[PDB]
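1. could you work out the structure for the sequence below:
(9 chains, ligands or ions: 2)
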Amino acid sequence: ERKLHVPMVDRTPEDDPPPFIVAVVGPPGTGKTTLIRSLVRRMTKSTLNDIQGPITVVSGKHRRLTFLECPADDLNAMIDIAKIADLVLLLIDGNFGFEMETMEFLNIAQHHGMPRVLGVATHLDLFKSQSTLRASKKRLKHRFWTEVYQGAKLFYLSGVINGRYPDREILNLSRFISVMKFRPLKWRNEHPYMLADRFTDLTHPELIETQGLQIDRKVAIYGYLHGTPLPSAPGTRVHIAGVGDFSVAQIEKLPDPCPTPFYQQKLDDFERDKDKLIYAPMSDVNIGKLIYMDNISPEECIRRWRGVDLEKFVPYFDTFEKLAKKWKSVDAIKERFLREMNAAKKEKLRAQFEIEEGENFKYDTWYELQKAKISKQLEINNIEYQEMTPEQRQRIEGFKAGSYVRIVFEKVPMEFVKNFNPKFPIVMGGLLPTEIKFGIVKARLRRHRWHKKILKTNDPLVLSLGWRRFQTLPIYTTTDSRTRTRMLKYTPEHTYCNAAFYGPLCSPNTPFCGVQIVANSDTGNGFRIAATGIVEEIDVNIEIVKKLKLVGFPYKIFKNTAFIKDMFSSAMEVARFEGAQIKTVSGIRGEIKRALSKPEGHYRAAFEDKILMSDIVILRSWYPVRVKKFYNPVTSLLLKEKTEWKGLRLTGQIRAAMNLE
Amino acid sequence: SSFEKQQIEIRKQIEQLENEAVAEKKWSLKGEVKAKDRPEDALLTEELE
Amino acid sequence: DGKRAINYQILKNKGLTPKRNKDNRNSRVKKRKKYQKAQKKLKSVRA
Amino acid sequence: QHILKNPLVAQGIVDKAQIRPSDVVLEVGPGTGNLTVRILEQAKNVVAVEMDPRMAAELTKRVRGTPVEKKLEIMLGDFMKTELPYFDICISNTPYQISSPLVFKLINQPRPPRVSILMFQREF
Amino acid sequence: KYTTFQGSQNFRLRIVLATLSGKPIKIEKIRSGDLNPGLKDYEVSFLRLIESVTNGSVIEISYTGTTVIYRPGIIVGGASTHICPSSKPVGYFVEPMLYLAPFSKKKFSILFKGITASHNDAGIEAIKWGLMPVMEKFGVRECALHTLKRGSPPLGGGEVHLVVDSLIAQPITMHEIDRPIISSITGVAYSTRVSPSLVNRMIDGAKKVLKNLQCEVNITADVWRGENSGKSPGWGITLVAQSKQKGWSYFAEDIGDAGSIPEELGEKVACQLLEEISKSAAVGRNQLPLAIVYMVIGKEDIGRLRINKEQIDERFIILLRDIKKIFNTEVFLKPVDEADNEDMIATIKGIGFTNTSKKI
Amino acid sequence: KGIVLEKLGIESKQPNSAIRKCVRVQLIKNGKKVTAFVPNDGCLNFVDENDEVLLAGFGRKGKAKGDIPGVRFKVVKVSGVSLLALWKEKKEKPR
Amino acid sequence: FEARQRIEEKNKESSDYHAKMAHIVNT
Amino acid sequence: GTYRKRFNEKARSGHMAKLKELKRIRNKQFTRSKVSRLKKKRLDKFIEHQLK
RNA sequence: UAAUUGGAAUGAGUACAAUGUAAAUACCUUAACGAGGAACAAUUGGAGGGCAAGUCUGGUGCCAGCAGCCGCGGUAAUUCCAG
Ligand SMILES: Nc1nc2c(ncn2[C@@H]2O[C@H](COP(=O)(O)OP(=O)(O)OP(=O)(O)O)[C@@H](O)[C@H]2O)c(=O)[nH]1
Ligand SMILES: [Mg+2]
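-> Numbering: from 1, shown residues only, chains lettered A, B, ... in the order given. Ligands and ions are numbered 1, 2, ... in the order given. Pasting the structure now:
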């Protein structure tokens, strides 16, 4: 019972799986370019320089690795890469310690689904003594063991003698990330995703010049498809993270430009890459067919294959007498119904036993049973694909993972091309049918335990959900013991309120994660993740109910009967409420009974005890509040700077910048 | 370019929202309200419970 | 620096442990005080 | 005279009978209708046979105002001397001295039933 | 924008599909060449039903009434009623809720009134024994159709009750490559507000047809009378041939009105049933749209269903072209290698579908 | 080990009641589904549906004012981390 | 009408959950 | 534990051949899925039933 | 009971140095630094107590019971069971 698990489905292919993506992350100065430089130098014997963009390198007879130096500062890029990364070389300074970006990325990875995190600690050649060094190594290792599992091994890299790290350690990294098996996550095995090696805009100069350069250009984007079959017809939808939400106009499978030697070996066993081990383009160096022909009427299609409405239920039967003569002798349908001759009886009886009750008779645990059913299904898929002529396989399976693909959009905004730089990742994501609708989501969430200040109702929260980052206006509700949805005005400091907000939908039980400001100017020393949740249900209306108490005074007192002023102002006001409940502030129950007419708002009310004059009456009304409908998607890489996307400002901030209480 | 039109209307929505959000609250989003602080008949046109 | 160094709280990681005295640190000190307190009682009942 | 008090063997007896929504249940010796009302929910028309008009009066009092008030006939007298009408399954609790007559009377019916859930003494 | 369909042909199917996939559609030129163009009354009532079970959706109807613009919302459910207009029986509105029922937030408890028999549309033994077992194969556990009162044409006034209890996330992937062996024949034969010699005479005719084939034959006679029997006489039959091993069914039904010699009617339905059997493999010719749609919305996984080549007809081709217009799903028909007959395995890769409107 | 099959008493009004604290859990070795307690009712937010709870025996020495005959297990670790390390806010649940 | 329908929902749900915990344990 | 169940038996072939011999001798003194059993038994009951 | 403060004491740590050792590292020894919230920030468990202009349940009134991180405002602000 360390072995058993929730069963899940893999959906990585078996013939040519794509390259694994190896993000390399860490703070600004920590040496994450020397790492990628020396890893590639060990794995191809071919030193680079000026590394930018994804970079695919063959490592072995099969593994291909797609390195990606994540940018240092921008919390948007860390969110993107944490969604797609598949190994993380999380590299932390050794002399300094942890730094707050390492912690931030770690929590973003833990919420969306944690990739294989492997930590490496650099700047270890700055220590002056072995006792300081040795204790600090142990201490970072133990904190890192809290964040990731225990026994997770980190690597310690000394100096950068030649623009690159040692050989013993780098050889250990290469061995270890080239034996490693990856975990079947959830979000990645339903959605196709794609990491883009190169990028070209496809318009004439003529439309630019003759229409004044403004128009959203047609753009084609190349790269590797991970995840799930991206279907082989145009028009499917896509979210290009940090840009927007498009629909693909043409797709096409290229021949992939970094083949493993196994692949070339099998390709040269058709006709019967010694230095091109690295591919860094973004840096410089028949009735079944007769059904599906639209221009044919169905009737003519049937006629050719031989040689009407569906609104009626009963099908078309022949005419009565033709049946009556046809089905007199039922011999034709015979086989749908249940010293040597003895064996003939027993063969008849054997087949009958198999039919009749020979179903009730057909591993050790219950996890192995489920995985055996799953894997039986996966090979049924495989077999029924490999009878399909590769065009047809392409038509109904549709560009499985590992395919190199060119896809091309049109009407893509101008800024994406003018403000391009290869260091930021562009990451295509597929979309399920739910995640294109908009609605209100009811999630549950807590202040993130390290965030200093609690949140507030109706202060904007940039949250990431699915492939999307968008800024919304949540509204945090408790529930008054499963009766109503009282509208809280803060986040509880140590537990789970619910929240409701207006955004793109996503399926129930999906974890998300939300921040305050992402702008790299005004960040300071505080932790930045600010809420963690899952989305609980999905709809298009909720009603939230703020508690509002009407407060009034007494002015004439009987025994067990009072006269009330100052709560109301008219007569029909009271006449709307004859039968309400008023409770004394001191605490005895009561109600209101009747209205006085000549006094304008004064009336008479009953009670259980004779009221003291200073007591005050309050009625507990329930006003309804409702969510706003703000939605401000980040689009962080259309700007000129990309490290500051600013949206609504927090209420304290706009009071500070307007100098008011 | 369509991006600038989309953010000009975004800034419209944002500026209106901030101007609302710092501003003083409407009565029916408080507790302990009288007929003093509110205008009259505002419990006949509202449908609380 | 420009380096966003780490907090105290998210270094030593002791969330929600309750707040005890300054005397659960040092057992000798706690037994000392409890002896010289529960010796006062025996100086009233053995009067 | 004994009373099947257990309110959980009663439901199991009923739903093993596989009553269709177009059945005529004979239900011999109904008792105080601890069992009957389930059959009233699941059958089109019930024919209860009874000998104690005290029980018959109370049982027909049980169904009053209930929507199933019109889907229950009662035949009085000795069971082994009536003429049973057509009936389509049969459910029986009746005291055990008729356990051996009953069975053969069902086997020798004209148009016998299709299934019957009978309660008997263990050795029988 | 809008996927755009022509004509009035197979209305209910495109409305149901455009609710399942969640892509707004637009149907145009709806009998616009015809005398009074537009939707008939029952199509408008069907749109009222669809709008009643799906919170969030938006329907518009053109000025004349020959262009419907549908934008689906989520499915919700609830318990409600419906008053089926006089021209169409309740089966017309039961069947699309069979497609749409197991995928909602709350259960279905819908109460239909109206006529409960016709020549063209589905019966009440058709839906019970003809399309609940296909739904039960595809992972739907607890569904039922309580007949309360049975009407008849021309007046009716019956009422039935669709209760659907299990809410699956998505149907299972259903491999079936074998011709089932038929092991029994049951069937119902019913009549309202007539003397009971009719039912016996229908059973006489049917059993005289089926007195030569090697399985058991039984028929539940069902004679309503009085106050829940509706307002107008009529009689009808349904025969189900039932394969017990795997749980498959092939069935043929009809009703009958003033004038029909009921022995001929029973003989007719028995002949039609045999015809249906001889043109079938694992599904009858009319349970096939339900199974094909439940294959399409499965999970992303090849599902194989065997069909006889006689089932390949014009309704099939229309249905598959409508699926390829909404879903973009081709359907690979490979042939079998039994060289005694010309069956075809039909393999459909399911789209990736769930029930995104449940709650956790 | 076990899969959280569903929650029980998630719609039970009376807070901190025992039937509020109990989830219903399928074990992965047998296939048999049982019920399991959970300490500290706030920790029902941590288990969702299809988590891997690692159950331990409840083994209670005594029976209190409003307890339950029938809960026999208790949840120790939810998807790798341990409920004392989520409730004390040391770690947090790796999805 | 609201307060009633809440009472029958609450009674049924509570009783059924206790019945399931009576359905498991002496198996 | 002579005639145990070893983990993998194709890779222990000379061993199991030797054990087969040992068993042959030592018990020549006396020689001188149960779902397949349940399936065979039910089949034979069925055949007997149909002949009767 | 202490809740301010008065100087005396020392090593965890850092370190010239020597010793150690094959070579280092550490121990043992030692110049120079190194203690007031001595923030140079002991833990793991279980038992009680209170928390109302709050919620929820039941009833022979003002009650009881569950519970109470959910109240009228307010979160660079509340400086709260100093905590
Ligand atoms: N002494 C020492 N210097 C290092 C180490 N690692 C990196 N450096 C130096 O620090 C500088 C930063 O290294 P980069 O390769 O720029 O790493 P980076 O994280 O990409 O830095 P940015 O480009 O600013 O993101 C380089 O000039 C290295 O020579 C180390 O372990 N020890
Ligand atoms: Mg760099």
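2. residue A:448 contacts residue A:530, correct?
-> Yes. With contact defined as C-beta atoms under 8 Å, residue A:448 counts as touching residue A:530 (5.7 Å). Any C-beta I mention is one placed from the backbone N, CA and C, and that applies to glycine too.
3. where does the residue in chain G that RNA strand I sits nearest to sit, in terms of helix or strand?
-> Of all residues in chain G, the one sitting closest to RNA strand I is residue G:7 (6.7 Å; C-beta to the nearest atom of the strand). Here residue G:7, judged by DSSP states H and E, is contained in helix G:2-24.
4. other SSEs contacting that helix?
-> strand F:33-36 (3 or more C-beta pairs under 8 Å, 6 or more residues apart in numbering or on different chains; DSSP states H and E).
5. just checking, what packs against the strand it packs on?
-> Counting by 3+ C-beta pairs under 8 Å, 6+ apart, strand F:33-36 packs on strand F:2-7, strand F:23-27, strand F:73-78, helix G:2-24.
6. what distance separates that strand from the middle of the whole chain?
-> Averaging C-alpha positions (C-alpha atoms, centre = their mean, to the nearest Å) puts strand F:33-36 9 Å from its chain's average.
7. same thing with stretch A:352-365?
-> That offset, for stretch A:352-365, works out to 43 Å (C-alpha atoms, centre = their mean).
8. and stretch A:501-508 with chain F, contact?
-> No. Stretch A:501-508 is not in contact with chain F by C-beta under 8 Å from any C-beta of the partner chain; minimum separation 9.2 Å.
9. so is that stretch next to chain E?
-> Yes. Judged by C-beta under 8 Å from any C-beta, stretch A:501-508 and chain E are in contact via A:505, A:507-508.
10. only the buried subset of the residues you listed, as a PyMOL command please.
-> Filtering those down to the buried ones (16 or more other C-beta atoms under 10 Å in any protein chain shown) takes a single PyMOL command:
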select buried, chain A and resi 505+507+508
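11. excluding covalently adjacent residues, which one is nearest to the most centrally placed residue in chain E?
-> Central residue of chain E (C-alpha atoms, centre = their mean): residue E:95, 4.5 Å from the mean position. Distance criterion C-beta to C-beta, 6 or more residues apart in numbering or on different chains; nearest residue to residue E:95, sequence neighbours excluded, is residue E:122 at 5.7 Å.
12. run a quick check on that neighbour versus residue E:97, I expect a contact.
-> No. Residue E:122 is not in contact with residue E:97 according to C-beta under 8 Å; the separation is 11.7 Å.
13. let me know the secondary structure of the spatially closest residue to residue E:286 that is not a sequence neighbour.
-> Leaving aside its sequence neighbours, residue E:286 sits nearest to residue A:315 (C-beta to C-beta, 6+ apart; 5.1 Å). Three-state call for residue A:315 (DSSP: H, G, I helix; E, B strand; the rest coil): coil.
14. related to what we said a few turns ago, next, count neighbours for the residue nearest to residue E:95.
-> 23 (other C-beta atoms under 10 Å in any protein chain shown).
15. again, but for residue A:141
-> 15.
16. residues in contact with it?
-> residue A:154 (C-beta atoms under 8 Å, 6 or more residues apart in numbering or on different chains).
17. in chain D, what residue is nearest chain F?
-> residue D:8 (18.1 Å; C-beta to the nearest C-beta).
18. tally of neighbours for that residue?
-> Neighbour tally, residue D:8, other C-beta under 10 Å: 7.
19. any idea how far residue G:22 is from it?
-> The gap separating residue D:8 from residue G:22 is 12 Å, by C-beta to C-beta, to the nearest Å.
20. nearest the geometric middle of chain B, what residue?
-> residue B:20 (5.9 Å).
21. that residue - that's part of a helix, no?
-> Yes. Under three-state DSSP, residue B:20 falls within a helix.
22. separation between it and residue A:584?
-> The value you get for residue B:20 to residue A:584, if C-beta to C-beta is used, is 37 Å.
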